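Next up is one chain by itself, shown in structure tokens, the form deposited in one PDB entry.
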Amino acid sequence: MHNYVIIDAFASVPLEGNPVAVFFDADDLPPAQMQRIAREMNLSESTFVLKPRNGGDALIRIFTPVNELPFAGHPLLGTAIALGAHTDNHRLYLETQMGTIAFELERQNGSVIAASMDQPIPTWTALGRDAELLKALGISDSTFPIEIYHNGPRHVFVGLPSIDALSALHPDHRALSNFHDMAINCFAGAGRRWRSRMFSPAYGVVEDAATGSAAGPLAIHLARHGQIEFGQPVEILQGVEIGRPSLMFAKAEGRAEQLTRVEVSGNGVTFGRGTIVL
């Protein structure tokens, strides 16, 4: 029998942010059963905490309802906040398939409130499928070049001219299903405050509330396209239209040709706790 906790990631109160189900003592579960359990929970991801293999504190496997991911932001944020309760550490090192991700935990009186990760440095290139994507989204143009970033998963970015235009999107999910192993992140905003919406049939979700692995790349994206400065922290608010407002903090340090750090951070809170029969 496995205990799990539900964490609302990128939120300071239950019912906001993006839920993840974090399953403890999962070494006995085969990955095919992990996948099935994630299908059962039907949250954007469920995670599994395994004994470490390469010097971290744990090894974390990450599953959408339909696939395994080698890295994801909300799921690992939630896992780090839940795991934080086990110990007194303020530094946590979580192994994933993309490598070991360092976390700084924000604690008060030993109690975990928030966490900050150092993400893998993404690479990027032009999508090369603009007409198709914009048709799918129901729009004419992107405000900035449409590029796709890889840090484990992949994330494509499409800019909108206003927050109203971003909220007005009604994408064709079936057309979006032609975009494999990627999530589509639409953004709008100004200066240090940006809004996002994410759509990914490839990762099993019509619309996700907080796509944590997209936040760092967006910050890169905005700085490469002159809208913010490298090293300038931004707030990205996602999930508003679906009732799941999620605040992601991101900061990309260095320069386009040589990034040195991609930090994403947020609050998380416990929604519930229980146990599954297998």
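Start at 1 and count along the sequence shown; that's the residue number. Rigid core (definition): largest C-alpha set, two forms, superposition within 1.5 Å.
Checked against the record, the higher mean CA B factor of 132 to 140 and 71 to 79 lies with 132 to 140.
Per the PDB record, of the two stretches 153 to 161 and 172 to 180, 172 to 180 carries the greater mean B-factor over its C-alpha atoms. The entry assigns its greatest Cα B factor, within the set 259, 264, 9, 13, to 259.
For the set 94, 117, 198, 112, the PDB entry puts the maximum C-alpha B factor at 112. Placement of the Cα temperature factor of residue 211 within the chain: lowest third of the modelled residues, per the deposited record. Residue 234: CA B factor in the middle third of modelled residues in this chain (values from the PDB entry).
Sort the modelled residues of the chain by CA B factor and residue 47 lands in the lowest third. Among the modelled residues of its chain, residue 1 has a C-alpha B-factor that falls in the highest third, as given in the PDB entry. Sort the chain's modelled residues by C-alpha temperature factor and residue 62 lands in the lowest third, per the entry.
The same protein also exists as the form deposited in another entry; that form is not shown, yet it is the one meant from here on.
Only one of 209, 234, 218, 26 has its Cα shifted by 2 Å or more between this form and the one not shown after fitting on the core, and that residue is 26. After superposing the rigid core, the C-alpha of residue 44 moves by 2 Å or more between this form and the one not shown. The Cα position of residue 69 differs by 2 Å or more between this form and the one not shown after fitting on the rigid core.
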